[PDB]
Amino acid sequence: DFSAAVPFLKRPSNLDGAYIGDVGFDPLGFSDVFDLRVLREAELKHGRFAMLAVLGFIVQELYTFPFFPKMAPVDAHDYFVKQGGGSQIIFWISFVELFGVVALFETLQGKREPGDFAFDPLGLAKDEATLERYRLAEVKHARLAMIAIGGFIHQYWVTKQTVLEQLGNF
Amino acid sequence: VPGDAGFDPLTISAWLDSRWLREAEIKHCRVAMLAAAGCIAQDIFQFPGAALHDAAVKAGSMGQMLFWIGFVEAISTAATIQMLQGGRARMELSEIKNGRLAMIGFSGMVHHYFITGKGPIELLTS
Amino acid sequence: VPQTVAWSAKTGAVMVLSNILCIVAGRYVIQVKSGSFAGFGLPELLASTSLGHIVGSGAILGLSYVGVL
Amino acid sequence: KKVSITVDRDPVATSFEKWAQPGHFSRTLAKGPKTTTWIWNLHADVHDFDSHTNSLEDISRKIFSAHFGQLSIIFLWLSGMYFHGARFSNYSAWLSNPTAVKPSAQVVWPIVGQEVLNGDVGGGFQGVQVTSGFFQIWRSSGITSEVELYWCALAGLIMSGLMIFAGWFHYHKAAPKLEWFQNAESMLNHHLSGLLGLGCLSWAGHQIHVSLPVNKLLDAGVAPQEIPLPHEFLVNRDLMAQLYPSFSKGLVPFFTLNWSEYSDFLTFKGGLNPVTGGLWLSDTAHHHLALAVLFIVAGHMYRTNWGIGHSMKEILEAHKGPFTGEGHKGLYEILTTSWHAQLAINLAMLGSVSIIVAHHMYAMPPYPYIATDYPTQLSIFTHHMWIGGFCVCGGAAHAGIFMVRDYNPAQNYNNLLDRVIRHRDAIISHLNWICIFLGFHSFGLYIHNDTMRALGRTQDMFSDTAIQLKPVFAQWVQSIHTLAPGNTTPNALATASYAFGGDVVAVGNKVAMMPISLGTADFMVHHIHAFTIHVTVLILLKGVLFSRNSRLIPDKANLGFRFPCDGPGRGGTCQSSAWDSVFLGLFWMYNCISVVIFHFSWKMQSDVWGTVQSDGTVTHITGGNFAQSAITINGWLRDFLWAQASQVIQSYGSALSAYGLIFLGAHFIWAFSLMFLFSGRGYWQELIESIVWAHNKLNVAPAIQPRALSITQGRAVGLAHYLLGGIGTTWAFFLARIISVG
Amino acid sequence: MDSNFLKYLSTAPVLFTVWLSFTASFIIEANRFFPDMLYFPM
Ligand code: CLA
Ligand code: CLA
Ligand code: CLA
Ligand code: CLA
Ligand code: CLA
Ligand code: KC2
Ligand SMILES: CC1=C(C#C/C(C)=C/C=C/C(C)=C/C=C/C=C(C)/C=C/C=C(\C)C#CC2=C(C)C[C@@H](O)CC2(C)C)C(C)(C)C[C@H](O)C1
Ligand SMILES: CC1=C(C/C=C(\C)CCC[C@H](C)CCC[C@H](C)CCCC(C)C)C(=O)c2ccccc2C1=O
């Protein structure tokens with residue numbers, strides 16, 4: 001047996017296609033050592049944060065609420081840290097994360113999918129087929145966005161240019 | 001199997017795994033062929049805006065290359081461990097023979113540069 | 001400071017002598033293994049030449065210390 | 001290839017079920033408590049793996065993963081030491097003024113007035129002064145900034161996570177088989193070559209490429225933030241050849257055996273660096289390179305998978321003569337089948353090594369500015385003397401556990417153990433006679449002197465100004481060591497240590513080291529040391545030799561290693577087990593190590609440490625009173641304990657008031673221990689009966705019936721509180737005294 | 001949450017350490033906000 005993504009490497013044996021997005025890529029082998037449900041929830045949580053973050057970086061350059069002073073997004077962090085606005089965001093995120101801990105227990109028991117928080121306000125996913133397309137898409141967008149996050153945070157560090165301005169410039 | 005000439009005076013094959021040895025030889029063959037081709041080609045033409053290792057490390061080219069090669073090697077190490085756990089043929093023979101040839105030629109080219117401070121093809125022209 | 005010398009063929013001579021000496025000694029004294037063509041393998045050769053580089057390094061440094069060079 | 005890796009996959013399931021079942025590991029405790037003894041029995045026997053399991057394989061697996069757990073704790077501890085240096089310390093200020101700033105890496109919160117403990121340590125900082133010598137380690141390493149201390153802290157945390165992962169993995173996922181653990185030749189080859197040899201070689205590489213250039217720039221006087229970062233020495237070989245011109249030649253002299261090129265940075269100077277009062281770091285670099293070479297050479301001795309090498313069994317069985325029967329036959333089987341025999345050896349050697357560390361680090365101060373930081377010198381000498389004494393007594397504890405449990409007479413016929421056991425009366429009677437002879441002629445000299453000085457007869461005393469007991473052999477050895485540079489160590493430039501004789505090394509007008517002269521007081525206290533060591537050996541050896549049987553109890557092995565007695569008959573057999581000789585030998589270890597650290601503290605204050613005033617005269621901390629006052633007990637009581645306890649007892653209201661409180665608290669705990677040591681279990685069970693009655697009267701009696709502690713546990717609790725109180729009293733006394741005056 | 005992990009957290013040493021740490025902790029907080037109370041203020 002060999003992994004589909006990388007031909008020379010072997011199929012991990014816990015990656016059997018059970019979870020969407022499985023291409024057999026697990027060279028280190030963490031899937032064997034640890035429960036995959038934890039890792040899939042972590043992957044979705046990390047990716048969802050990253051997808052939001054890359055959009056947030058771009059949008060903040062495009063438009064900013066007037067009351068707060070306009071700042072570079074990477075360095076905005078420090079101003080919010082002193083102001084107390086950043087603490088407010090952390091507290092609410094932590095409050096939701098508390099419920100996330102209970103949800104993690106639900107996943108371990110088997111009552112919950114790894115990343116399912118039953119969020120369908122706009123009812124975008126009409127049927128199972130469109131949901132399947134969306135879940136594979138969400139995995140890809142999360143993975144790519146995790147790469148993209150730090151893509152221009154690190155670029156900001158080498159070159160002090162807004163990612164939009166940097167993209168146009170040079 | 002390819003590149004077998006029954007050459008083992010020191011009988012290294014008995015005391016080390018064959019799969020590791022042949023994989024090590026093929027990796028060395030590939031690196032050597034690339035390096036010898038690069039040494040002749042680089043004298044022929046210069047890439048735009050670009051002992052040479054020192055200039056490169058100051059430029060920073062080697063450091064980024066090291067990170068990307070290291071990533072490929074880390075992914076590869078899982079594969080080599082898996083192998084240790086457990087006309088195309090003519091192309092394999094050509095790949096190993098040309099590689100062995102480069103492993104000799106490149107070593108000559110670098111040592112030639114120590115002696116004369118010249119690239120191999122230019123040295124002959126001069 | 002004890003006086004050492006840059007490498008010359010004399011240094012090589014001492015090293016070669018010591019390595020061969022230990023190869024013959026290893027054919028005699030290695031208890032678990034055609035005077036040199038029976039049972040001679042890579043670990044025996046690599047061990048006798050490792051002791052050759054230890055005996056040879058000591059002999060080179062000592063002969064440099066006393067003036068024999 | 002009979003040396004191979006063999007592993008059971010997924011042996012033990014990672015479950016929380018046995019967490020909820022205290023006592024699961026033994027058949028006795030797993031059925032639940034009925035008396036309070038169960039609770040104590042749970043903790044007493046928990047890491048006694050060979051008492052729960054019969055198989056050597058499961059015992060070995062438990063030991064390997066518990067060693068990973070200990071490593072995880074040590075790495076967390078080191079990471080915390082680095083983080084407190086990075087975040088809560090005056091390290092950066094101390095780098096600029098090592099002789100003025102006092103190291104401090106602990107800051108207290110203001111709660112009940114306890115913020116008085118944040119004393120003025122210097123460098124615009126307030127905190128608790130620390131004495132572990134970490135600042136001098138970091139300067140020797142070449143840290144020079146708090147940022148690098150944060151990176152060291154993160155490296156420690158990552159190692160801690162990897163060790164706790166490895167312990168879990170190697171117990172629950174991939175546990176090696178017994179034949180893996182029983183590879184003594186392979187383990188020794190890797191631990192000599194790989195662990196110790198590459199440890200020394202890698203550290204030598206760091207010293208050469210980072211410690212030497214950074215510390216040469218520091219001792220030249222360059223400010224720490226003005227010094228190039230440690231990798232610019234690695235790359236810019238020209239910048240390294242500025243400081244050490246031999247680097248212009250690279251590694252060609254190494255490979256061609258022209259090693260005398262490297263004498264810039266691989267020296268054999270000896271003595272101390274005049275600027276820092278520490279060892280020359282070029283010497284430490286050469287030392288670690290040479291130790292690396294012969295540890296890698298030594299790790300090639302034993303045979304593993306290719307026919308070259310020694311069999312340790314053959315070496316042992318071949319060494320036998322006409323006095324010793326079959327010789328060392330059967331010792332390989334003992335040391336590859338008993339963990340207790342291995343722990344007995346390794347604990348005795350580790351304790352001895354810690355005692356050697358204590359002597360060698362005060363006499364040949366290895367770190368820059370540690371010799372004139374007197375609180376650190378006293379702290380690390382005292383600390384490593386206590387670690388040494390404890391580990392030596394645990395070596396005899398586990399020799400007794402081996403003899404009681406893992407010893408089999410059938411496999412040990414007429415070899416060295418059989419013969420020691422078959423003349424143990426001659427050994428113990430001759431040791432007993434030596435301890436009597438040596439207490440009479442060492443402590444009795446002190447009593448003779450107390451009497452003569454008290455009677456007005458000072459011409460009748462053993463002293464320098466009277467009847468003299470000179471240490472001529474020690475004085476002669478000191479003479480030889482001062483003559484050695486240029487004579488018997490011709491290429492050395494200075495002596496190994498100035499303690500043997502020679503110059504006074506002063507750093508910041510404080511003495512780093514200076515010759516430690518030996519007189520009548522030194523003769524007397526060295527024979528006090530030989531007496532207390534011989535008596536401790538007598539108690540521990542008598543426990544090991546008589547652990548299985550005596551003339552008193554012919555079947556002591558059936559009662560075990562740890563039993564309280566065998567009844568009041570035969571006149572009384574209280575404290576007859578091997579455990580009770582470890583219990584009695586830890587008191588005499590405490591006595592021995594207490595006299596050693598008192599001798600060190602008084603001698604160093606009286607004759608070594610102090611300030612160098614103009615004209616080169618030295619004013620010592622206690623003004624040279626050791627010579628004429630350490631010869632009587634009244635001198636030790638008055639001029640050492642009474643005179644030097646002034647700082648602990650006057651410390652209230654200062655930053656040293658914590659030491660005054662710990663001085664009193666440890667006096668309390670020590671006295672409280674005597675309640676458990678002088679008492680017996682039967683009194684306390686009868687008192688508990690009336691207390692239980694009062695609970696029955698109110699219908700509030702517990703279902704876990706209260707018991708007086710066992711006889712052995714009363715002894716263990718008494719000993720623990722005795723050592724805690726006595727060591728704590730000395731810890732507080734030593735630290736407040738030397739922080740105030742040194 | 002696992003019932004065996006909760007049965008572990010119900011063991012006597014865990015509850016004793018947690019309860020006395022919580023107890024020590026509100027003594028500490030009460031002496032932070034209301035220090036030096038030698039007497040009941042009346
Ligand atoms: C390993 C050795 C070690 C030691 C002895 C200390 C000691 C100390 N640290 Mg340091 N520290 C260390 C490592 C260490 N630290 C490491 C590795 C880090 C990096 C993360 C730090 C980072 C750090 C910071 C950032 C601070 C300290 C502070 C302190 C001080 C107060 C700690 C306190 O009261 O909080 C008590 C905090 C609590 C939340 C109380 C917890 C009590 C519980 C009940 C203990 C229970 C354990 C539990 C029952 C175990 C069983 C688990 C369970 C499942 C059964 C004290 C001097 C403080 C200081 O110096 O301020 C000036 C401070 O601010 N430490
Ligand atoms: C080169 C090989 C090597 C090395 C370095 C070690 C090292 C160690 N072994 Mg040994 N061991 C080896 C081979 C080796 N072993 C072999 C072949 C066997 C089978 C016969 C064993 C069987 C064995 C047993 C049964 C036990 C050990 C234990 C230990 C630890 C002793 C306590 C100590 O000093 O740790 C502190 C010192 C340190 C230096 C901590 C280092 C932590 C890592 C693991 C060291 C190696 C890291 C890596 C190789 C370095 C990378 C360098 C890179 C940056 C360039 C120590 C980690 C004991 C232990 O504690 O188990 C955990 C123990 O009970 N080992
Ligand atoms: C061992 C191989 C090797 C190494 C270490 C270098 C290293 C270097 N070369 Mg040389 N070079 C090489 C091969 C090599 N080159 C080859 C094969 C060619 C012919 C195409 C050249 C032609 C060349 C020129 C013309 C110039 C350099 C230059 C440079 C320097 C800057 C980096 C750069 O632009 O290179 C770029 C090199 C390439 C793009 C060639 C890459 C070819 C191989 C096939 C890449 C494969 C990458 C692939 C993704 C990995 C596959 C993994 C595997 C699992 C399949 C640097 C010192 C420049 C310099 O500073 O000199 C003054 C310069 O002007 N090189
Ligand atoms: C409960 C155990 C314990 C504790 C808490 C300490 C605490 C301390 N030790 Mg001590 N130590 C102990 C046991 C202990 N020691 C034992 C048993 C030994 C004997 C091996 C030593 C030998 C020792 C030395 C040699 C040094 C310390 C130092 C220190 C201090 C700094 C800690 C540090 O970062 O180490 C840092 C340690 C180093 C930078 C150098 C250590 C070099 C040794 C040779 C490493 C040997 C490791 C090797 C695997 C052990 C083999 C043992 C052998 C018998 C086979 C601190 C006061 C250091 C000190 O005094 O600084 C002021 C110091 O230099 N310790
Ligand atoms: C590497 C070191 C090492 C190792 C692995 C062992 C391992 C072992 N020993 Mg040995 N031992 C050692 C060192 C070591 N010991 C030393 C240094 C001594 C000398 C004191 C002894 C003396 C000794 C005796 C006398 C006995 C053992 C026993 C045991 C076994 C049972 C352990 C157990 O369940 O205790 C559980 C652990 C505890 C109950 C911990 C409490 C111990 C003290 C009182 C607490 C520590 C106080 C703390 C440090 C300070 C508190 C601060 C205060 C201010 C509050 C186990 C095989 C026993 C046995 O039967 O073996 C078969 C046994 O009878 N050992
Ligand atoms: C040690 C590694 C090494 C290898 C594996 C190697 C292989 C080859 C091959 C294999 C296909 C050829 C065909 C080749 C050709 C020549 N080599 Mg080169 N060569 C190596 C190193 C050196 C050194 C150290 C020297 C040297 C020389 C010459 C000269 C004569 C010129 C003269 O005599 O002056 C010629 C024709 C000398 C020199 O460089 O002069 C410029 C000299 O000293 N080589 N060399
Ligand atoms: C789920 C749920 C709902 C919802 C919702 C929400 C909020 C959905 C939001 C989804 C988002 C924000 C998806 C964004 C993905 C971003 C990616 C993949 C990154 C691309 C960047 C790349 C590739 C790059 C790059 C680059 C680098 C690094 C730096 C540059 O110099 C260069 C460059 C630009 C090339 C609603 C409420 C609608 C209801 C519904 O019933 C259920
Ligand atoms: C006081 C005493 C008791 C009774 C001691 C008891 C019952 C211990 C009391 C412990 C109580 C129940 C809890 C208090 C514990 C402390 C607050 C802290 C303990 C710290 C460790 C136990 C964790 C004995 O049983 C005994 C037996 C043999 C010789 C001497 C004596 C002896 O002196």
# chains A, B, ... in the order shown; residues from 1 in each chain; ligands from 1
>>> residues_near_ligand(ligand="ligand 7", cutoff="10 Å", atoms="only C-alpha atoms and all ligand atoms", output="count of residues only")
52
>>> residues_near_ligand(ligand="ligand 1", cutoff="7 Å", atoms="only C-alpha atoms and all ligand atoms", output="list in words")
residues 76, 77, 79, 80, 81, 83, 84, 88, 106, 107, 108 and 109 of chain D; 9, 14, 17, 18 and 21 of chain E
>>> interface_residues(of="chain B", to="chain A", cutoff="7 Å", atoms="only C-alpha atoms", output="compact mmCIF listing (two decimals) with N, CA and C atoms, in the first residue's frame")
# COMPACT_ATOMS: atom_id res chain seq x y z
N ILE B 75 11.20 14.45 4.49
CA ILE B 75 10.14 13.61 3.95
C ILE B 75 10.72 12.31 3.41
N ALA B 78 11.63 9.28 6.01
CA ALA B 78 10.56 8.33 6.29
C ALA B 78 10.55 7.22 5.25
N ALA B 79 10.74 7.58 3.97
CA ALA B 79 10.75 6.58 2.90
C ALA B 79 11.93 5.62 3.04
>>> residues_around(residues="residue 11 in chain E", least_positions_apart="6", cutoff="10 Å", atoms="only C-alpha atoms", output="PyMOL selection string")
chain D and resi 19-22
>>> residues_near_ligand(ligand="ligand 4", cutoff="8 Å", atoms="only C-alpha atoms and all ligand atoms", output="PyMOL selection string")
chain D and resi 78+131-134+136-137+195-196+346+349-351+353-355+357+361+366-367+370+376-377+379-381+383-384+387-388+391
>>> write_last_selection(atoms="C-alpha atoms", output="PDB file, in the first residue's frame")
ATOM      1  CA  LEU D  78      16.413  23.620  34.322  1.00  0.00           C
ATOM      2  CA  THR D 131      23.461  31.116  45.496  1.00  0.00           C
ATOM      3  CA  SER D 132      23.264  28.288  42.962  1.00  0.00           C
ATOM      4  CA  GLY D 133      25.969  29.749  40.729  1.00  0.00           C
ATOM      5  CA  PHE D 134      23.815  29.940  37.611  1.00  0.00           C
ATOM      6  CA  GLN D 136      28.605  32.256  36.567  1.00  0.00           C
ATOM      7  CA  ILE D 137      27.554  29.234  34.510  1.00  0.00           C
ATOM      8  CA  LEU D 195      26.902   9.855  26.060  1.00  0.00           C
ATOM      9  CA  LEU D 196      30.111  10.869  27.834  1.00  0.00           C
ATOM     10  CA  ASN D 346      25.815   3.313  40.844  1.00  0.00           C
ATOM     11  CA  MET D 349      29.800   5.874  42.837  1.00  0.00           C
ATOM     12  CA  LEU D 350      27.517   8.844  42.136  1.00  0.00           C
ATOM     13  CA  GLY D 351      27.690   9.885  45.798  1.00  0.00           C
ATOM     14  CA  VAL D 353      31.648  11.651  42.598  1.00  0.00           C
ATOM     15  CA  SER D 354      29.501  14.361  44.199  1.00  0.00           C
ATOM     16  CA  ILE D 355      31.870  14.514  47.173  1.00  0.00           C
ATOM     17  CA  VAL D 357      32.915  17.609  42.928  1.00  0.00           C
ATOM     18  CA  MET D 361      35.109  23.043  42.717  1.00  0.00           C
ATOM     19  CA  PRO D 366      35.926  26.645  37.289  1.00  0.00           C
ATOM     20  CA  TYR D 367      33.629  29.453  36.514  1.00  0.00           C
ATOM     21  CA  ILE D 370      32.550  32.159  41.309  1.00  0.00           C
ATOM     22  CA  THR D 376      27.907  30.383  46.001  1.00  0.00           C
ATOM     23  CA  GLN D 377      31.135  28.606  46.998  1.00  0.00           C
ATOM     24  CA  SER D 379      26.330  26.734  48.928  1.00  0.00           C
ATOM     25  CA  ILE D 380      27.600  24.405  46.213  1.00  0.00           C
ATOM     26  CA  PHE D 381      30.203  22.778  48.454  1.00  0.00           C
ATOM     27  CA  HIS D 383      24.957  21.019  48.650  1.00  0.00           C
ATOM     28  CA  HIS D 384      27.189  18.511  46.901  1.00  0.00           C
ATOM     29  CA  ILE D 387      23.999  14.834  47.878  1.00  0.00           C
ATOM     30  CA  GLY D 388      27.114  12.665  48.157  1.00  0.00           C
ATOM     31  CA  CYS D 391      23.636   8.684  47.729  1.00  0.00           C
TER      32      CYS D 391
END
>>> closest_atom_pairs(of="chain B", to="ligand 6", cutoff="7 Å", atoms="only C-alpha atoms and all ligand atoms", output="tab-separated table")
residue	atom	partner	partner_atom_place_in_ligand_line	distance
B:104	CA	ligand 6	5 (C)	4.9
B:105	CA	ligand 6	11 (C)	5.0
B:107	CA	ligand 6	5 (C)	4.9
B:108	CA	ligand 6	6 (C)	3.3
B:109	CA	ligand 6	19 (N)	6.6
B:111	CA	ligand 6	21 (C)	4.6
B:112	CA	ligand 6	39 (O)	4.3
B:115	CA	ligand 6	39 (O)	5.2
B:116	CA	ligand 6	41 (C)	5.7
>>> residues_near_ligand(ligand="ligand 2", cutoff="9 Å", atoms="only C-alpha atoms and all ligand atoms", output="JSON, numbers by chain")
{"D": [3, 5, 60, 61, 63, 64, 65, 66, 67, 68, 69, 70, 71, 74, 75, 159, 162, 163, 166, 167, 180, 181, 182, 183, 184, 185, 186, 187, 188, 189, 190, 191, 192, 193, 194, 195, 196, 198, 199, 202]}
>>> residues_near_ligand(ligand="ligand 8", cutoff="8 Å", atoms="only C-alpha atoms and all ligand atoms", output="list in words")
residues 673, 674, 675, 676, 677, 678, 679, 680, 681, 682, 683, 684, 685, 688, 706, 707, 708, 709, 710, 711, 712, 713, 714, 715 and 718 of chain D
>>> write_last_selection(atoms="N, CA, C and O atoms", output="short mmCIF file (atom, residue, chain, number, x, y, z; two decimals), in the first residue's frame")
data_model
loop_
_atom_site.label_atom_id
_atom_site.label_comp_id
_atom_site.auth_asym_id
_atom_site.auth_seq_id
_atom_site.Cartn_x
_atom_site.Cartn_y
_atom_site.Cartn_z
N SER D 673 10.99 15.74 65.66
CA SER D 673 11.39 14.40 65.25
C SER D 673 11.68 13.47 66.43
O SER D 673 11.51 12.25 66.34
N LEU D 674 12.17 14.03 67.54
CA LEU D 674 12.50 13.21 68.69
C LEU D 674 11.27 12.63 69.35
O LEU D 674 11.39 11.66 70.09
N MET D 675 10.10 13.21 69.09
CA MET D 675 8.86 12.58 69.54
C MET D 675 8.68 11.24 68.85
O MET D 675 8.24 10.28 69.48
N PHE D 676 9.01 11.14 67.56
CA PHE D 676 8.86 9.88 66.86
C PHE D 676 10.02 8.94 67.11
O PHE D 676 9.85 7.73 67.01
N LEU D 677 11.19 9.46 67.46
CA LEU D 677 12.35 8.60 67.59
C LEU D 677 12.46 7.97 68.98
O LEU D 677 12.87 6.82 69.10
N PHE D 678 12.11 8.70 70.03
CA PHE D 678 12.25 8.18 71.39
C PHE D 678 11.03 7.41 71.86
O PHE D 678 11.08 6.82 72.94
N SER D 679 9.96 7.40 71.08
CA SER D 679 8.68 6.84 71.46
C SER D 679 8.43 5.48 70.82
O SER D 679 9.18 5.02 69.96
N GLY D 680 7.37 4.84 71.28
CA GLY D 680 6.98 3.54 70.77
C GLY D 680 5.54 3.53 70.33
O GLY D 680 4.71 4.28 70.83
N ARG D 681 5.24 2.62 69.41
CA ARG D 681 3.92 2.53 68.79
C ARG D 681 2.80 2.19 69.78
O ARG D 681 1.67 2.67 69.63
N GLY D 682 3.09 1.38 70.81
CA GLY D 682 2.03 0.92 71.70
C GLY D 682 1.39 2.02 72.52
O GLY D 682 0.16 2.05 72.66
N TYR D 683 2.19 3.00 72.95
CA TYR D 683 1.64 4.16 73.64
C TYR D 683 0.67 4.90 72.74
O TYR D 683 -0.41 5.31 73.18
N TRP D 684 1.03 5.08 71.47
CA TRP D 684 0.24 5.94 70.60
C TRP D 684 -1.04 5.25 70.15
O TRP D 684 -2.07 5.91 70.00
N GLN D 685 -1.01 3.92 70.04
CA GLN D 685 -2.25 3.20 69.75
C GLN D 685 -3.20 3.25 70.94
O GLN D 685 -4.40 3.45 70.77
N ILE D 688 -4.74 6.71 70.92
CA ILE D 688 -5.72 6.80 69.84
C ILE D 688 -7.01 6.10 70.24
O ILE D 688 -8.08 6.52 69.82
N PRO D 706 -8.38 4.41 62.59
CA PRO D 706 -7.08 5.01 62.82
C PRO D 706 -6.13 4.09 63.56
O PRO D 706 -6.51 3.40 64.50
N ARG D 707 -4.89 4.08 63.10
CA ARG D 707 -3.85 3.29 63.73
C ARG D 707 -2.66 4.19 64.02
O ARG D 707 -2.42 5.17 63.32
N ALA D 708 -1.92 3.83 65.05
CA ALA D 708 -0.59 4.39 65.20
C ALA D 708 0.26 3.92 64.04
O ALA D 708 0.05 2.84 63.49
N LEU D 709 1.19 4.78 63.61
CA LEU D 709 2.11 4.43 62.53
C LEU D 709 2.83 3.14 62.86
O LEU D 709 2.98 2.78 64.03
N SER D 710 3.27 2.41 61.84
CA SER D 710 4.00 1.19 62.09
C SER D 710 5.31 1.50 62.80
O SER D 710 5.73 2.65 62.90
N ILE D 711 5.94 0.46 63.34
CA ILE D 711 7.23 0.63 64.01
C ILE D 711 8.27 1.18 63.05
O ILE D 711 8.98 2.16 63.35
N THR D 712 8.33 0.61 61.85
CA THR D 712 9.23 1.10 60.83
C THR D 712 8.86 2.51 60.41
O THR D 712 9.74 3.33 60.15
N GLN D 713 7.57 2.80 60.26
CA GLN D 713 7.21 4.15 59.84
C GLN D 713 7.46 5.19 60.93
O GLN D 713 7.83 6.32 60.61
N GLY D 714 7.30 4.84 62.20
CA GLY D 714 7.74 5.74 63.26
C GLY D 714 9.22 6.04 63.17
O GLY D 714 9.65 7.19 63.28
N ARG D 715 10.02 5.02 62.83
CA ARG D 715 11.45 5.25 62.63
C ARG D 715 11.73 6.11 61.40
O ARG D 715 12.58 7.01 61.44
N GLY D 718 10.66 9.77 62.13
CA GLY D 718 11.64 10.39 63.00
C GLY D 718 12.92 10.76 62.27
O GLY D 718 13.43 11.86 62.43
#
>>> interface_residues(of="chain B", to="chain D", cutoff="12 Å", atoms="only C-alpha atoms", output="PyMOL selection string")
chain B and resi 15+54+57-58
>>> closest_residue(among="C:1, C:56, C:45, C:50", to="residue 17 in chain C", atoms="only C-alpha atoms")
C:56
>>> residues_near_ligand(ligand="ligand 5", cutoff="8 Å", atoms="only C-alpha atoms and all ligand atoms", output="PyMOL selection string")
chain D and resi 43-51+340+343+347+390-395+397-398+401+561-562+579-580+582-583+586+716-717+720-721+724
>>> residues_around(residues="residue 267 in chain D", least_positions_apart="5", cutoff="10 Å", atoms="only C-alpha atoms", output="MDAnalysis selection string")
(chainID C and resid 1) or (chainID D and resid 260 262 280:287 491:493)
>>> residues_around(residues="range 5-9 of chain B", least_positions_apart="2", cutoff="12 Å", atoms="only C-alpha atoms", output="count of residues only")
14
>>> closest_atom_pairs(of="chain E", to="range 96-108 of chain A", cutoff="12 Å", atoms="only C-alpha atoms", output="CSV")
residue,atom,partner,partner_atom,distance
E:1,CA,A:105,CA,5.9
E:2,CA,A:105,CA,8.2
E:3,CA,A:105,CA,11.5
>>> residues_around(residues="range 32-38 of chain C", least_positions_apart="4", cutoff="10 Å", atoms="only C-alpha atoms", output="PyMOL selection string")
(chain C and resi 23-24+26-28+43-44) or (chain D and resi 303+306-310)
>>> select_by_dssp(residues="range 52-179 of chain D", states="strand (DSSP E or B)", output="JSON, numbers by chain")
{"D": [104, 105, 106, 119, 120, 126, 127, 128, 129, 174, 175, 176]}
>>> interface_residues(of="chain E", to="chain D", cutoff="9 Å", atoms="only C-alpha atoms", output="ChimeraX atom specification")
/E:2-11,28-29,31-32,35-36
>>> residues_near_ligand(ligand="ligand 3", cutoff="10 Å", atoms="only C-alpha atoms and all ligand atoms", output="PyMOL selection string")
chain B and resi 27+30-57+59-62+64-66+68-69+72-73+75-76
